[PDB]
Structure formats: structure tokens, C-alpha cells
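*Asks:* build the 3D model from these lines:
(one chain, ligands or ions: 1)
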Amino acid sequence: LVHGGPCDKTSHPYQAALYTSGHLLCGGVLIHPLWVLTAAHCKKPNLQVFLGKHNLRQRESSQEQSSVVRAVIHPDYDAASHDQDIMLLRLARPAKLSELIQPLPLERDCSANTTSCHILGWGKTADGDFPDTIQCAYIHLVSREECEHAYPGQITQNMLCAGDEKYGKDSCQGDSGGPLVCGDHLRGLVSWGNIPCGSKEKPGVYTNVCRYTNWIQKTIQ
Ligand SMILES: [Mg+2]
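*Replies:* Residues are numbered from 1 along each chain as shown. Below is the structure in question.
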């Protein structure tokens, strides 16, 4: 995440870190004791899920690890256009909850008006390096019209744009699958955007979570 700062230690209990081959690959969101929601492009064999993490370079009393027993990629995910970039990961065992490990509810109403939101993750920072401490930044939802104007013919109904016209705070490589949180509910998942990262001109594009309430419910229940 670029142009943000370190998160408060107790502000992201729903954040998951997804690892493969010993390195962080993506973020994710705990939405139920047995399920982590993330981006479909984060699919890899042998994913490892870590909950309760804050600083990747420090063993933390709150961290918990879990293997994935099943990965459900949206049936219509398209890896070129990024359409329907969403995937559910079933954990081997339900997560043990605490102040540092908690699920985040989903925003079910696509018309919700809480436009001030925040993003978080261990993805690339402004200096081009990957941080040990998870980063946080507040950004604002952008109207679909402006989204379409920035990426003509590339934005689908399954995508939501968000950015910061002041400093260009934005998600980046490694933040993929992480949460776009608005009004204490999950509004989106980090999907794609400008490269190099920065949202002043081109906003970040997030999977429009409100569109998947039915699919997620059916998959989990
Ligand atoms: Mg298709």
C-alpha cells in the first residue's frame, strides 16, 4: 500500500496474510471462523493462511496459522479483465477468536453511502520495498462514471473504484485480496489498478463485494 502508514495493532483483526513458498503473496479477509475471502488471482497451490499478524518480522503471541482444505474460485472469474476476482478459502479448522482475530461483516447494500473507507496490507510501499508492519490508509469511493472515465471499457458491475485525489494513497502488489473497509463492513477486495501504484489520476479497482452476498452465502452454508 503506497503513501499510508503503520496500522494500529488492534485495528485489523480480520486481516489475513496468504503465503506460498515461504513468502507473502496476498492479503485476505476473515469473514467466518472457517472462511477467508480474497482475490481469485491469489490462487496458488499450497496456500498458507496466517491470522492475528501485524509485523511479519516478529513472532507474535496472537498469530495463528491454518492450512486451506478447499479453495472456491468464482466460476466466472476472468484473469485477463479481472472480472469477478473473488475466491473463498475454507480453513482446515475454525479460527480461534480474540481481540486480534475477528471476522468482518459484508456490506450487503451496494448503495451504502459511507464513502470514506480504508485499505490495509503488507504490499509494496512508496519506496518500492515490502514492509514488515502492515500499512493502513484512508481513501474514498469513486463514482462508477468517473471509474469508467479513468478506465474506458474496462470496468464491470463487479468492480468498484476507490482512491485519494490528495496524496494518491492506493493499494499495490501484495495487497491483492485484502480489504476495502467502509462503515465497518467489507465493501471491496484489492483487485487491480494503476502501475506504478498511486490513485490520484487512476483510482484503485476493487472487487465489488456487495454483488456477491448470495454466492458467498450459498458457498458457506
Ligand atoms: Mg467469462
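*Asks:* tell me which residue lies nearest the centroid of this structure.
*Replies:* Using Cα atoms, centre = their mean, the residue of the chain that lies closest to the mean C-alpha position is residue 178, 1.6 Å off.
*Asks:* ok, and the closest non-adjacent residue to that residue?
*Replies:* Setting aside the residues directly before and after it, residue 178 is nearest to residue 27 in space (Cβ to Cβ, 6 or more residues apart in numbering), at 2.7 Å. To be clear about C-beta, it is placed using only N, CA and C from the backbone, and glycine gets the same treatment.
*Asks:* break this protein into its domains for me.
*Replies:* Residue ranges for the structural domains of the chain, counted by curated CATH domains, are given in the record as 1-12+104-210, 13-103+211-221.
*Asks:* of those, which stretch is the most buried?
*Replies:* Counting by mean count of other Cβ atoms under 10 Å, domain 1-12+104-210 has the highest mean neighbour count of these, with a mean of 20.
*Asks:* now do the same end-to-end measure for that domain.
*Replies:* For domain 1-12+104-210, the separation between the terminal residues is 23 Å (Cα to Cα, to the nearest Å).
*Asks:* quick one: is it near the ion?
*Replies:* No - if you take Cβ under 5 Å from the ion as the test, domain 1-12+104-210 misses the ion, and the best it gets is 10.4 Å.
*Asks:* how near is residue 15 to residue 7?
*Replies:* 8 Å (Cβ to Cβ, to the nearest Å).
*Asks:* kindly state the beta-bridge partners for the residue nearest to residue 178.
*Replies:* Beta-bridge pairing for residue 27 (DSSP bridges): residue 17.
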